[PDB]
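Undergrad: Have a peek at run-v8.txt (compact mmCIF, C-alpha atoms and all ligand atoms).
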```txt
# COMPACT_ATOMS: atom_id res chain seq x y z
CA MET J 1 71.00 62.91 52.55
CA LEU J 2 68.96 59.77 52.19
CA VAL J 3 66.54 60.21 49.29
CA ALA J 4 64.26 57.70 47.71
CA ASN J 5 64.56 58.98 44.16
CA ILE J 6 67.48 59.07 41.73
CA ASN J 7 69.04 62.07 39.98
CA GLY J 8 66.49 64.37 41.61
CA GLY J 9 68.47 67.43 40.44
CA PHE J 10 69.28 66.28 36.93
CA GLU J 11 72.99 66.51 37.68
CA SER J 12 73.64 63.07 36.15
CA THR J 13 72.36 64.11 32.77
CA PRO J 14 74.26 65.90 30.01
CA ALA J 15 72.92 69.32 29.12
CA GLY J 16 70.77 69.39 26.04
CA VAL J 17 67.34 68.60 24.65
CA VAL J 18 66.04 65.23 25.71
CA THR J 19 64.83 63.17 22.82
CA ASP J 20 64.97 59.74 24.46
CA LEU J 21 62.04 60.37 26.77
CA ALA J 22 62.01 56.99 28.48
CA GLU J 23 65.68 56.53 29.09
CA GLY J 24 67.44 59.86 28.30
CA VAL J 25 67.33 61.05 31.92
CA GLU J 26 68.56 58.69 34.66
CA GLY J 27 65.92 58.29 37.37
CA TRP J 28 63.11 59.75 35.28
CA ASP J 29 60.62 58.76 32.64
CA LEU J 30 59.25 61.57 30.47
CA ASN J 31 56.05 61.14 28.52
CA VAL J 32 54.19 62.99 25.79
CA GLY J 33 50.80 61.72 24.63
CA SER J 34 49.86 61.65 20.96
CA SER J 35 47.08 64.22 21.48
CA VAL J 36 49.86 66.81 21.92
CA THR J 37 50.47 67.74 18.29
CA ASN J 38 53.15 70.31 19.01
CA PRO J 39 55.31 68.35 21.44
CA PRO J 40 56.95 70.06 24.36
CA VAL J 41 60.66 70.57 24.57
CA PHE J 42 62.32 68.85 27.56
CA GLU J 43 65.84 70.16 28.08
CA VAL J 44 68.43 69.76 30.79
CA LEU J 45 69.89 73.22 31.15
CA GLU J 46 73.18 74.21 32.83
CA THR J 47 72.37 77.50 34.49
CA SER J 48 73.81 79.63 37.29
CA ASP J 49 70.26 79.88 38.55
CA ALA J 50 69.90 76.19 39.36
CA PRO J 51 68.70 75.73 42.95
CA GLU J 52 70.63 72.47 43.18
CA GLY J 53 73.91 71.76 41.37
CA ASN J 54 74.45 73.18 37.95
CA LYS J 55 71.39 71.95 36.08
CA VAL J 56 67.63 72.08 35.90
CA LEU J 57 64.96 70.44 33.74
CA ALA J 58 63.07 72.86 31.49
CA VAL J 59 59.75 71.89 30.03
CA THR J 60 58.60 74.21 27.23
CA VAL J 61 54.90 73.74 26.63
CA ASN J 62 53.96 74.89 23.11
CA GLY J 63 50.63 73.13 23.23
CA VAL J 64 48.63 70.59 25.02
CA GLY J 65 46.51 67.48 24.62
CA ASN J 66 43.35 66.33 26.32
CA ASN J 67 44.49 65.76 29.92
CA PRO J 68 47.23 67.30 32.06
CA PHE J 69 49.11 63.94 32.27
CA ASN J 70 49.63 64.03 28.48
CA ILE J 71 52.87 65.91 29.31
CA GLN J 72 54.62 64.48 32.33
CA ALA J 73 58.02 63.93 33.94
CA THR J 74 57.98 60.99 36.38
CA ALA J 75 60.69 60.11 38.87
CA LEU J 76 61.25 56.34 38.74
CA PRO J 77 62.32 54.24 40.51
CA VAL J 78 61.45 55.71 43.89
CA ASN J 79 62.58 53.26 46.56
CA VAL J 80 60.31 53.17 49.61
CA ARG J 81 59.04 50.95 52.40
CA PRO J 82 55.43 49.92 52.99
CA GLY J 83 53.67 51.95 55.65
CA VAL J 84 56.27 54.69 55.80
CA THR J 85 55.42 58.41 55.50
CA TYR J 86 57.62 60.51 53.21
CA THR J 87 58.15 64.17 52.59
CA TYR J 88 58.21 65.23 48.97
CA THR J 89 59.95 68.49 48.12
CA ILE J 90 60.76 70.01 44.74
CA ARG J 91 61.65 73.46 43.42
CA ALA J 92 59.84 75.01 40.48
CA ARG J 93 59.51 78.27 38.57
CA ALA J 94 58.30 79.40 35.17
CA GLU J 95 59.40 81.68 32.36
CA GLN J 96 56.11 83.62 32.38
CA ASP J 97 53.27 84.19 34.87
CA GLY J 98 50.41 81.75 35.08
CA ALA J 99 51.81 78.25 35.06
CA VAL J 100 50.03 75.33 36.69
CA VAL J 101 51.60 72.00 37.71
CA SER J 102 50.44 68.96 39.70
CA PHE J 103 53.07 67.05 41.65
CA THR J 104 51.98 63.48 42.31
CA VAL J 105 53.21 60.18 43.70
CA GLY J 106 51.73 56.77 42.99
CA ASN J 107 52.55 53.11 42.46
CA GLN J 108 53.37 51.10 39.37
CA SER J 109 49.74 50.06 39.11
CA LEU J 110 48.97 53.81 38.80
CA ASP J 111 47.26 54.13 42.10
CA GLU J 112 47.95 57.64 43.40
CA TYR J 113 49.04 58.00 47.03
CA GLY J 114 48.91 61.81 47.13
CA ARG J 115 49.55 65.01 45.26
CA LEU J 116 49.85 68.75 45.21
CA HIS J 117 47.02 69.71 42.89
CA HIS J 118 47.06 72.66 40.42
CA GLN J 119 49.99 74.35 42.03
CA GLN J 120 50.50 77.98 41.08
CA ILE J 121 54.00 78.27 39.62
CA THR J 122 55.51 81.73 39.57
CA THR J 123 58.52 83.32 37.85
CA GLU J 124 60.61 82.90 41.05
CA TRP J 125 61.90 79.62 42.46
CA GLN J 126 59.68 78.25 45.21
CA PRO J 127 59.62 74.95 47.07
CA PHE J 128 56.53 72.74 46.76
CA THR J 129 56.18 70.12 49.50
CA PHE J 130 53.72 67.55 50.78
CA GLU J 131 53.65 64.32 52.76
CA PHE J 132 52.39 60.97 51.59
CA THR J 133 52.24 57.50 53.07
CA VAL J 134 52.87 54.22 51.24
CA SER J 135 49.51 52.77 52.15
CA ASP J 136 50.00 49.41 50.45
CA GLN J 137 52.88 46.89 50.21
CA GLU J 138 54.89 48.52 47.40
CA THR J 139 58.62 49.14 47.53
CA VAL J 140 59.27 50.73 44.14
CA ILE J 141 56.96 53.59 43.24
CA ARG J 142 56.93 56.62 40.95
CA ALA J 143 56.42 60.34 41.06
CA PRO J 144 54.54 61.80 38.11
CA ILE J 145 54.65 65.54 37.55
CA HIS J 146 51.87 66.72 35.21
CA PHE J 147 52.55 69.74 32.96
CA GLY J 148 49.87 69.56 30.26
CA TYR J 149 47.59 72.31 31.58
CA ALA J 150 46.23 74.69 28.96
CA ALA J 151 47.39 77.68 30.99
CA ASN J 152 51.00 76.58 30.36
CA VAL J 153 50.86 77.07 26.57
CA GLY J 154 53.60 79.57 25.71
CA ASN J 155 55.50 78.95 28.95
CA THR J 156 58.51 77.01 30.13
CA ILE J 157 58.38 75.34 33.54
CA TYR J 158 61.66 74.69 35.30
CA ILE J 159 62.02 72.04 37.99
CA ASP J 160 64.93 71.01 40.19
CA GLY J 161 65.82 69.39 43.47
CA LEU J 162 63.26 66.66 43.84
CA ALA J 163 63.89 64.97 47.22
CA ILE J 164 61.62 62.29 48.65
CA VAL J 165 62.74 61.75 52.22
CA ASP J 166 61.58 59.61 55.19
CA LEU J 167 60.14 60.96 57.49
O1 LIG Y 1 52.86 55.54 29.22
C1 LIG Y 1 52.21 55.37 30.46
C2 LIG Y 1 51.71 56.70 30.99
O2 LIG Y 1 50.62 57.14 30.22
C3 LIG Y 1 51.26 56.43 32.39
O3 LIG Y 1 50.79 57.69 32.98
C4 LIG Y 1 50.15 57.56 34.24
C5 LIG Y 1 48.62 57.44 34.09
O4 LIG Y 1 48.05 57.33 35.38
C6 LIG Y 1 48.28 58.49 36.05
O5 LIG Y 1 47.64 58.30 37.36
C7 LIG Y 1 46.26 58.72 37.39
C8 LIG Y 1 46.22 60.25 37.60
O6 LIG Y 1 44.88 60.67 37.87
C9 LIG Y 1 44.50 60.08 39.04
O7 LIG Y 1 43.19 60.72 39.32
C10 LIG Y 1 43.20 62.07 39.70
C11 LIG Y 1 43.39 62.13 41.21
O8 LIG Y 1 43.33 63.45 41.72
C12 LIG Y 1 42.16 64.02 41.38
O9 LIG Y 1 42.24 65.39 41.92
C13 LIG Y 1 41.99 65.54 43.33
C14 LIG Y 1 41.08 66.77 43.53
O10 LIG Y 1 41.02 67.20 44.86
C15 LIG Y 1 42.23 67.37 45.41
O11 LIG Y 1 41.93 67.79 46.75
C16 LIG Y 1 43.08 66.13 45.48
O12 LIG Y 1 44.33 66.56 45.99
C17 LIG Y 1 43.33 65.76 44.04
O13 LIG Y 1 44.05 64.57 43.96
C18 LIG Y 1 42.04 64.32 39.92
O14 LIG Y 1 40.79 64.97 39.71
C19 LIG Y 1 42.03 62.96 39.28
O15 LIG Y 1 42.20 63.08 37.89
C20 LIG Y 1 44.24 58.63 38.89
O16 LIG Y 1 43.79 58.07 40.10
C21 LIG Y 1 45.57 58.02 38.55
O17 LIG Y 1 45.50 56.68 38.34
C22 LIG Y 1 49.69 58.79 36.38
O18 LIG Y 1 49.85 60.07 36.96
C23 LIG Y 1 50.47 58.79 35.10
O19 LIG Y 1 51.87 58.82 35.33
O20 LIG Y 1 52.23 55.98 33.21
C24 LIG Y 1 52.67 54.70 32.85
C25 LIG Y 1 53.22 54.75 31.40
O21 LIG Y 1 53.55 53.43 31.03
CA CA Y 2 70.00 70.55 39.75
CA CA Y 3 63.63 56.17 32.64
```
Write the structure described by the file as structure tokens, please.
TA:
Amino acid sequence: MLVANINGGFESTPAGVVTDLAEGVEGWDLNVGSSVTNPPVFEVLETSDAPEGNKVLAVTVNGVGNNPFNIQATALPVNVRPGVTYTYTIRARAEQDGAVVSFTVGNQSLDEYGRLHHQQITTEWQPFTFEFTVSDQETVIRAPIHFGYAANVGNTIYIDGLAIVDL
């Protein structure tokens, strides 16, 4: 496969809680805003249930901030070509009913090219997919996943298998 993103399945990363948010996971930047007073737990988990490889990323939300992007996992770098249309696919599930996640892609200037907005995450693995086009002249973009929805308090959201593919 030819994918734009790096370590889309977390297989590069040792199992355990991630405390180095910026650099602890190859190909990703994790972020927690200061309005989140009970910070989430990001953990790379080795599990027989992983849809891809042996590992998944678990995001335990024990509270939230002011905006859903106050808890986020962003794939970076994402290597693309101007004008090209990509398919984004990822797998996600949650520990408990009722989770909400937005899957987004944008540039380093924070302009958003597209998203899946307030996706309904269930307790079973499901794929979430959309297309976007690089509408400007960027070659290195990013893919922010937003987890800080109030409905996720008391839940863990599991993601795996991010693939951003030409089309
Ligand atoms: O440390 C820094 C981080 O804080 C930083 O985080 C990034 C901040 O910028 C974020 O991008 C903004 C996200 O919000 C976008 O506006 C959205 C767009 O979507 C709107 O919802 C639409 C509703 O209707 C639907 O049909 C449609 O599908 C939806 O899109 C929603 O209402 C708006 O809030 C802004 O345009 C973005 O700029 C980015 O995600 C974060 O990663 O990152 C850098 C780091 O240094
Ligand atoms: Ca995996
Ligand atoms: Ca990083």
Undergrad: Find the residues around region 124-135 of chain J up to 10 Å (all atoms listed in the file counted), leave out those fewer than 2 positions away in its own chain, and share them as a short mmCIF file (atom, residue, chain, number, x, y, z; two decimals) with C-alpha atoms, keeping the file's coordinate frame.
TA:
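Result saved to around-v4.cif:
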```cif
data_model
loop_
_atom_site.label_atom_id
_atom_site.label_comp_id
_atom_site.auth_asym_id
_atom_site.auth_seq_id
_atom_site.Cartn_x
_atom_site.Cartn_y
_atom_site.Cartn_z
CA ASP J 49 70.26 79.88 38.55
CA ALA J 50 69.90 76.19 39.36
CA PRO J 51 68.70 75.73 42.95
CA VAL J 80 60.31 53.17 49.61
CA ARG J 81 59.04 50.95 52.40
CA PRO J 82 55.43 49.92 52.99
CA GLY J 83 53.67 51.95 55.65
CA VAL J 84 56.27 54.69 55.80
CA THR J 85 55.42 58.41 55.50
CA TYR J 86 57.62 60.51 53.21
CA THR J 87 58.15 64.17 52.59
CA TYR J 88 58.21 65.23 48.97
CA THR J 89 59.95 68.49 48.12
CA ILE J 90 60.76 70.01 44.74
CA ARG J 91 61.65 73.46 43.42
CA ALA J 92 59.84 75.01 40.48
CA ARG J 93 59.51 78.27 38.57
CA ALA J 94 58.30 79.40 35.17
CA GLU J 95 59.40 81.68 32.36
CA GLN J 96 56.11 83.62 32.38
CA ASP J 97 53.27 84.19 34.87
CA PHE J 103 53.07 67.05 41.65
CA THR J 104 51.98 63.48 42.31
CA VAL J 105 53.21 60.18 43.70
CA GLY J 106 51.73 56.77 42.99
CA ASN J 107 52.55 53.11 42.46
CA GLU J 112 47.95 57.64 43.40
CA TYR J 113 49.04 58.00 47.03
CA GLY J 114 48.91 61.81 47.13
CA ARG J 115 49.55 65.01 45.26
CA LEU J 116 49.85 68.75 45.21
CA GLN J 119 49.99 74.35 42.03
CA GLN J 120 50.50 77.98 41.08
CA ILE J 121 54.00 78.27 39.62
CA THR J 122 55.51 81.73 39.57
CA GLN J 137 52.88 46.89 50.21
CA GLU J 138 54.89 48.52 47.40
CA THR J 139 58.62 49.14 47.53
CA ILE J 141 56.96 53.59 43.24
CA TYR J 158 61.66 74.69 35.30
CA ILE J 159 62.02 72.04 37.99
CA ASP J 160 64.93 71.01 40.19
CA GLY J 161 65.82 69.39 43.47
CA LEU J 162 63.26 66.66 43.84
CA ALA J 163 63.89 64.97 47.22
CA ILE J 164 61.62 62.29 48.65
CA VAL J 165 62.74 61.75 52.22
CA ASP J 166 61.58 59.61 55.19
CA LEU J 167 60.14 60.96 57.49
#
```
Undergrad: Have a look at J:155, J:70, J:109, J:79 and name the one nearest to residue 35 (chain J); count all atoms listed in the file.
TA: J:70
Undergrad: Against region 4-10 of chain J, which residues of region 44-113 of chain J fall within 8 Å? For each one I want the closest pair of atoms and the distance in Å (one decimal), counting only C-alpha atoms, rows by chain and increasing residue number, as a tab-separated table.
TA:
```
residue	atom	partner	partner_atom	distance
J:44	CA	J:10	CA	7.1
J:52	CA	J:9	CA	6.1
J:53	CA	J:9	CA	7.0
J:55	CA	J:10	CA	6.1
J:56	CA	J:10	CA	6.1
J:57	CA	J:10	CA	6.8
J:75	CA	J:5	CA	6.7
J:76	CA	J:5	CA	6.9
J:77	CA	J:5	CA	6.4
J:78	CA	J:5	CA	4.5
J:79	CA	J:4	CA	4.9
J:80	CA	J:4	CA	6.3
```
Undergrad: Would you mind listing what lies within 9 Å of residue 69 (chain J) as a PyMOL selection string, with all atoms listed in the file counted and same-chain residues fewer than 4 positions away left out?
TA: chain J and resi 31-33+65+144-149
Undergrad: Can you measure atom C7 of ligand LIG 1 (chain Y) to CA of residue 40 (chain J) for me? One decimal in Å is fine.
TA: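 The value is 20.3 Å.
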Undergrad: Between atom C3 of ligand LIG 1 (chain Y) and CA of residue 22 (chain J), what is the distance in Å, rounded to a tenth?
TA: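 So the answer is 11.5 Å.
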Undergrad: How far is it from CA of residue 42 (chain J) to atom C10 of ligand LIG 1 (chain Y), in Å with one decimal?
TA: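 So the two atoms, CA of residue 42 (chain J) and atom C10 of ligand LIG 1 (chain Y), lie 23.6 Å apart.
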Undergrad: Could you tell me which of J:45, J:100, J:143, J:17 comes closest to ligand CA 3 (chain Y) if we count only C-alpha atoms and all ligand atoms?
TA: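 Looking at the shortest contact to ligand CA 3 (chain Y), the residue is J:143.
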Undergrad: Write as a compact mmCIF listing (two decimals) with C-alpha atoms, keeping the file's coordinate frame the residues around ligand CA 3 (chain Y), taking 7 Å as the cut-off and counting all atoms listed in the file.
TA:
```txt
# COMPACT_ATOMS: atom_id res chain seq x y z
CA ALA J 22 62.01 56.99 28.48
CA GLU J 23 65.68 56.53 29.09
CA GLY J 24 67.44 59.86 28.30
CA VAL J 25 67.33 61.05 31.92
CA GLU J 26 68.56 58.69 34.66
CA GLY J 27 65.92 58.29 37.37
CA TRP J 28 63.11 59.75 35.28
CA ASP J 29 60.62 58.76 32.64
CA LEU J 76 61.25 56.34 38.74
```
Undergrad: Hey, can I get the axis-aligned box for ligand LIG 1 (chain Y)? All listed atoms, 4 Å padding on each side, centre and edge lengths in Å to one decimal, as JSON.
TA:
```
{"center_x": 47.2, "center_y": 60.6, "center_z": 38.0, "size_x": 20.8, "size_y": 22.4, "size_z": 25.5}
```
Undergrad: Rank J:58, J:99, J:21, J:41 by their smallest atom-to-atom distance to ligand LIG 1 (chain Y), using all atoms listed in the file, and report the top residue only.
TA: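 Checking each candidate against ligand LIG 1 (chain Y), we get J:21 as the closest.
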Undergrad: Using all atoms listed in the file, find the one residue out of J:38, J:67, J:12, J:123 that sits nearest to residue 157 (chain J).
TA: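 Ranking J:38, J:67, J:12, J:123 by distance to residue 157 (chain J), first place goes to J:123.
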Undergrad: Identify which of the residues J:48, J:36, J:151, J:43 lies closest to residue 64 (chain J), counting all atoms listed in the file when measuring atom-to-atom distances.
TA: J:36
Undergrad: Restricting the calculation to all atoms listed in the file, which member of J:30, J:153, J:101, J:18 is positioned closest to ligand LIG 1 (chain Y)?
TA: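 Answer, going by the shortest atom-to-atom distance: J:30.
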